[PDB]
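[1] This one's a deposited entry, sequence included:
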Amino acid sequence: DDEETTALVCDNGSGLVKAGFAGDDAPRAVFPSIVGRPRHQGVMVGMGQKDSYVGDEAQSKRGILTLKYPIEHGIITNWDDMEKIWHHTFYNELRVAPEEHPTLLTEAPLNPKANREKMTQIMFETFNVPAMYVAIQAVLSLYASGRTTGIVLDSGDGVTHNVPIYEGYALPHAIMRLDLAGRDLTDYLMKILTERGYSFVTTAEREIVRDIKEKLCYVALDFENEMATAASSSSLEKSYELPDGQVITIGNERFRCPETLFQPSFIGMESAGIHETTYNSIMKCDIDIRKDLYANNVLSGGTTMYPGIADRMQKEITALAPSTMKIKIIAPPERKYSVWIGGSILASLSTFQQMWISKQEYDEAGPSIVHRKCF
Amino acid sequence: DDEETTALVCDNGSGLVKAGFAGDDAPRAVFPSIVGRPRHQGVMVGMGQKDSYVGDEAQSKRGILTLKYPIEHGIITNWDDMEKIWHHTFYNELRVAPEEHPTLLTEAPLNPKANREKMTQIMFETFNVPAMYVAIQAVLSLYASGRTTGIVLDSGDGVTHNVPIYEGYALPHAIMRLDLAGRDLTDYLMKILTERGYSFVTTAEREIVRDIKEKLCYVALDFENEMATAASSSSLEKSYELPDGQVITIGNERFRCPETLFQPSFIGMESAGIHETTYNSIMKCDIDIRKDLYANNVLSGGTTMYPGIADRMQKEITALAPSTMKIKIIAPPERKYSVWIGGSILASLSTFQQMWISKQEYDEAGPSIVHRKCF
Amino acid sequence: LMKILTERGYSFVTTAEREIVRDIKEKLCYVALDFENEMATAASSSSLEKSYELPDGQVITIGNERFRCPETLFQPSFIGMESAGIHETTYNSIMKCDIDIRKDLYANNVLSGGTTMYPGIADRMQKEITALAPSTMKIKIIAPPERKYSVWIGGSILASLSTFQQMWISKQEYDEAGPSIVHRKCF
Amino acid sequence: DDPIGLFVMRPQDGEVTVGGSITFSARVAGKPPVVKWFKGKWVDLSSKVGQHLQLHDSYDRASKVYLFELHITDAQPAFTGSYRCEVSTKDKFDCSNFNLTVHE
Amino acid sequence: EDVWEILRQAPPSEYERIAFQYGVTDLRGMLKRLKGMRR
Amino acid sequence: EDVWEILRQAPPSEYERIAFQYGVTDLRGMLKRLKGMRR
Amino acid sequence: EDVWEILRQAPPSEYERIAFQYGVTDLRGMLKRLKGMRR
């Protein structure tokens, strides 16, 4: 009931799937990437008691309904889950027919192709959108950065990569992921608080804890003197209302959760901090890109929204970088949407509709088409 | 408890350090050039849990113990590591006193001198061998070739050079390295398989992958028609037992790993394939050496043991060489040992003991002695 | 157990009532490897259908419970627990373990805990791992009968480990560092 | 009954009902041929092999027989349609399609 | 700034160069507002 | 077995390696009996 | 071959020329076996 169409700017933020339209300004879709299973079935008159309306209601059904990401590790283990996830989107919150609105498709690297293959065709059949398109979440924050040169540090919804760039020019060779997810930090948090006097395992228990991180948990630039600070610093020593109604007390954790992203010893991970992943990347970069980086040290990823994020970023680079060069990490507050924003852009980039995944193109070349000279 | 001595034919094969004696026939020493660090320290009664017995045991300790080459890039970043590496040798597998057995010393070009300076003195002090000597790994495969004329293509343990020669006569000007290491191929393999559906980063994970290459990964002469072959060729489409016990499936990689040595685009390297490094070298060679090369197109380097190695070698030279001339690349199966073999030879060359690095000579001239008129 | 037997015709809540019931488990309650065919078995299997003298003097009859008590350790649905069975806690652990530790596990699949003394304990242990493990690898869970004491035994050992008295918590050490001493570089 | 290629058993022409867990079976004396599940041409079925699209596949020495079988749980009209087991030895190939009509 | 006028008068696509020259990493945004205008 | 003689002649602490090599997860026990002897 | 006899009777060092003439790039090896003999 309008003009040609608006591309669908649908963005499965590694934790939440989100979305607006091309040229949109706010992803009108935002909500958990989980599926939920009650256990008991009190015989209950009548119905309306969905097994799997997780979408954005099921956390209302938290507890009895369990949790399921399909793309659990940024890895869609299952898809009908995610399928009806979409339908939920496009029919309750998108409440919109795919068939007539294009869409670009958010994706991080490292995917085996058939993931997209399948998602693609099924999105044409179940969806018959006018045409789709896919785009690396990473790249989609990249333009989303608009500093076409420099790396970006995508530690976002639950994701992590380094994205060296250079007026749009990025080196995949130097490009990397950090398996870390804010979910991961979640984990160690459960570890600590529970062992520290708490019994905190349950799905929405994880819900509360993630809330805890994203509201209060932080990091201090330093650690060891910042450890002594912790040794008696009462200010931190703050209890926060457990959403039961308890007031979950908090101290050194608030920060000792995230910081391990620089020291997976705490996660015990063999990996290395996100800073020196930046630095070894940059060293991989050409000789004097490095100053480009310095100006373009774009962080990305809201869960990383914590305090001092750059504070460290810079301090350690410093600790590693030649003071000769001047560093500057780059992280907008709005890093969640940034990826959505740049995707809006690109898809909304009217000089670019040639790229979208047409039903036909796929039809002649099936899904495999997607791969070469297209994604 | 015997006659004068046997020189020590000690050979840090770019990946493994190896060794026998002068006149020996098999390097009785062979094992990884890594150091290993556990993480956790489960409090564990008693001891015997070495930090750093890597040698040839620590891969038994793989996982918890990490990995460290000193000569990581054919570049000894550290030496006490390599120091006790030697001692391990000369005391567990050499289990032998340096002080009374000479030794020639394997080295690739491109080393800044002090590397050898230090190695030398310390090998006289810590080691007091009757006298040492050093010799370019490259040259040591060269005699090791015995075709004193012609280049050799040393892409070995993890190394890569072209070694134009000519009855012993080689032009360093025309001589070159290819940073490529079988480790490098390892890399791109991890890249691919992991992104292709795998999560393969860990040190011994790299162990398995290198095993994978050296057991199964190959190359097909051609690529593009050999690409179509890949497009459906089921025979390749073979899964190999992942040493967890998994059976890691394999297809186009087996070959799409190494071949990039001719196209670092895949490694993204600015460099050029190993064949045309041969060819531009040869063109640098005098007008009619080139046929010498053709007969003397000696490959070297076991990791290059793959299939078709020469197959391409010749085909592309062809593609470049005048059919006027008749080519013949030269690669024994036993290219690992070849370098050791020729070193055995030279050192074992009794008409040659004058060269060995005497304690005194170094004493009067310190290490700097080594350089002029000696190495 | 209290849940079931009581609702099943019994009024069994009292502290030492719990005493008797725990005795019941540790003397008679078991588990059968399988469940569903082992459920049909239960459907009429009279052999199980055995009453045991209630220590009042009653003889508390017993059937499917004997086993339907413990087995839920693999299915807290029965305890309703959100958790998962003890076997796949082993398995997800092992998968967390390095690539080829897993065979180490297989040989080292050491159970511990006497209350778990029941029958088939490993029987399942292995069967389900199997059901999950690659037959490539060969499994072996490890549980001595004497698992209660085992912990005591190894503690005897360590403490008795005379090459180790350096670790013990000295009055003084605590005195200078109070209790907090305990924590770092000691426990 | 129907003609046999390999298909000593043939994945049937399923006129199932909704919910009819139906086993399309090539129990065939069996290199043993690889099976190729197809609805559509660009379109695989393995990406859809799930609890409702399930397989038992195993050889016999006694009879030289191998079982491809496909139990279909929770039969749905969405999966009403054409399906294929294109099977090939190291030398041969076998192409003949079969039906899933999940009725109701 | 003049980035407004200079991008409106920028060469059609090289708003790239002009926006990202004058700090506008959101040439992305410059066009996306220009698109909310020209959608 | 010889584990007896080989542990008595095992390197002093690496009775660890020898006991646990010859199946003696009770090097624990090997020493604890050796300790009931040497307590 | 006669490379054996001709190298044994080759001029002392120019076993170089004779070995590498008769294909023996392992004059290296010719001497190394002669050395396992003369070590």
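    Now that the structure is in, tell me what you want to look at. Numbering: from 1, shown residues only, chains lettered A, B, ... in the order given.

[2] leaving aside the residues next to it on the chain, what's closest to the residue in chain E that chain F sits nearest to?
    Residue nearest to chain F within chain E: residue E:25 (60.8 Å; Cβ to the nearest Cβ). Placement of C-beta: from N, CA and C, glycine included. Spatial nearest neighbour of residue E:25, excluding adjacent residues (Cβ to Cβ, 6 or more residues apart in numbering or on different chains): residue A:146 at 2.8 Å.

[3] swap in residue A:271?
    Nearest one to residue A:271, counting by Cβ to Cβ, 6+ apart, is residue A:264 at 4.7 Å.

[4] Can you report how many residues lie near the residue nearest to residue E:25?
    The tally of other residues near residue A:146 (other Cβ atoms under 10 Å in any protein chain shown) stands at 22.

[5] cool, and residue A:1?
    2.

[6] Please apply the same query to the one 10 residues further on.
    The local packing count at residue A:11 equals 29, with neighbours defined by other Cβ under 10 Å.

[7] Quick check, it in contact with residue A:342.
    No - assessed by Cβ atoms under 8 Å, residue A:11 is found out of contact with residue A:342, at 10.2 Å.

[8] which residues are in contact with both of those two?
    Common neighbours of residue A:11 and residue A:342, using Cβ atoms under 8 Å, 6 or more residues apart in numbering or on different chains, are residue A:140.

[9] My guess is the residue nearest to residue A:271 contacts residue A:270. True?
    Yes - Residue A:264 is in contact with residue A:270 according to Cβ under 8 Å; the separation is 7.0 Å.

[10] So for those two, which residue has more residues nearby?
    residue A:264 (20 against 16).

[11] now the more buried one: how far from residue B:305?
    36 Å (Cβ to Cβ, to the nearest Å).

[12] With residue A:85 instead?
    49 Å.

[13] The two: which has the busier surroundings?
    Set residue A:85 next to residue B:305 and count neighbours by other Cβ under 10 Å: residue A:85 wins out with 23 against 20.

[14] can you tell me which residues contact the more buried one?
    Taking Cβ under 8 Å, 6+ apart, one finds A:17, A:33, A:54, A:55, A:70 in contact with residue A:85.

[15] For the nearest residue to residue A:375 once chain neighbours are set aside, give me its contacts.
    Leaving aside its sequence neighbours, residue A:375 sits nearest to residue A:134 (Cβ to Cβ, 6+ apart; 5.1 Å). Contacts for residue A:134 (Cβ under 8 Å, 6+ apart) come out as A:104, A:105, A:106, A:107, A:116, A:119, A:120, A:357, A:370, A:375.

[16] go on, residue A:336?
    So residue A:336 contacts A:13, A:18, A:156, A:157, A:302 (Cβ under 8 Å, 6+ apart).

[17] Reformat those residues as JSON lines; add distance to residue A:189.
    Below are those laid out as JSON lines (distance: Cβ to Cβ, whole Å):
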{"residue": "A:13", "distance to residue A:189": "21"}
{"residue": "A:18", "distance to residue A:189": "24"}
{"residue": "A:156", "distance to residue A:189": "19"}
{"residue": "A:157", "distance to residue A:189": "17"}
{"residue": "A:302", "distance to residue A:189": "17"}
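
[18] Out of the residues you listed, list just those in strands.
    residue A:18 (DSSP state E).

[19] Name the nearest of the contacts of residue A:336 relative to chain C.
    Out of the contacts of residue A:336, the member with the shortest distance to chain C (by Cβ to the nearest Cβ) is residue A:157, at 23.7 Å.

[20] Tell me how many other residues crowd that closest one.
    25.

[21] List the contacts of it.
    Listed by Cβ under 8 Å, 6+ apart, the contact partners of residue A:157 are A:13, A:14, A:15, A:16, A:182, A:301, A:302, A:303, A:336.

[22] Tell me which two of those residues sit farthest apart.
    Farthest-apart pair in those is A:16 and A:301; separation 13.2 Å (Cβ to Cβ).

[23] I'd assumed residue D:8 was in contact with residue D:27.
    Yes - the pair formed by residue D:27 and residue D:8 meets the contact definition of Cβ under 8 Å, at 5.9 Å.

[24] Please work out the residue of chain A nearest to chain D and name it.
    Of all residues in chain A, residue A:366 sits closest to chain D, at 2.2 Å by Cβ to the nearest Cβ.

[25] how close does that residue get to chain G?
    Going from residue A:366 to chain G by Cβ to the nearest Cβ, to the nearest Å gives 56 Å.

[26] ok, that residue - contacts?
    Here residue A:366 is in contact with A:121, D:41, D:42, D:43 (Cβ under 8 Å, 6+ apart).

[27] switch the cut-off to 6 Å
    residue D:42 (Cβ atoms under 6 Å, 6 or more residues apart in numbering or on different chains).

[28] Residue B:126 versus residue E:26, what's the distance?
    For residue E:26, the distance to residue B:126 - Cβ to Cβ - is 62 Å.

[29] Please say which of the two ends up with more neighbours.
    residue E:26 (22 against 16).

[30] still on that earlier bit, so which of the contacts of residue A:85 sit within helices?
    A:54, A:55 (DSSP state H).

[31] Would you agree the residue of chain E closest to chain F is in contact with residue A:147?
    Yes - the pair residue E:25 and residue A:147 qualifies as a contact (Cβ atoms under 6 Å) at a distance of 4.5 Å.

[32] shared neighbours of those two, anything?
    Between them, residue E:25 and residue A:147 share no contacting residue, judged by Cβ under 6 Å, 6+ apart.

[33] roughly how far apart are the residue positioned nearest the centre of chain A and chain F?
    Geometric centre of chain A, nearest residue: residue A:157, 2.4 Å, by Cα atoms, centre = their mean. Residue A:157 is 47 Å from chain F, where distance means Cβ to the nearest Cβ.

[34] With residue A:358 instead?
    65 Å.

[35] how about that residue, what does it touch?
    Residue A:358 neighbours (Cβ under 6 Å, 6+ apart): residue A:131.

[36] Now do the contacts for the residue of chain A found nearest chain B.
    Closest residue of chain A to chain B, Cβ to the nearest Cβ: residue A:112 (3.9 Å). Neighbouring residues of residue A:112 by Cβ under 6 Å, 6+ apart: B:196, B:197.

[37] again, but for residue A:42
    Residue A:42 touches nothing, counting by Cβ under 6 Å, 6+ apart.

[38] Run a quick neighbour tally on residue E:15.
    Around residue E:15 there are 21 residues (other Cβ under 10 Å).

[39] now swap in residue A:246 and tell me
    By other Cβ under 10 Å, the residues close to residue A:246 number 12.

[40] That one should be in a helix, yeah?
    No - the assignment for residue A:246 by DSSP: H, G, I helix; E, B strand; the rest coil gives coil, which leaves it out of any helix.

[41] Nearest spatial neighbour of residue 15, chain-adjacent residues omitted?
    Just so you know, I chose chain A. residue A:157 (4.2 Å).

[42] switch to chain E, that's the one I care about
    residue E:7 (4.8 Å).
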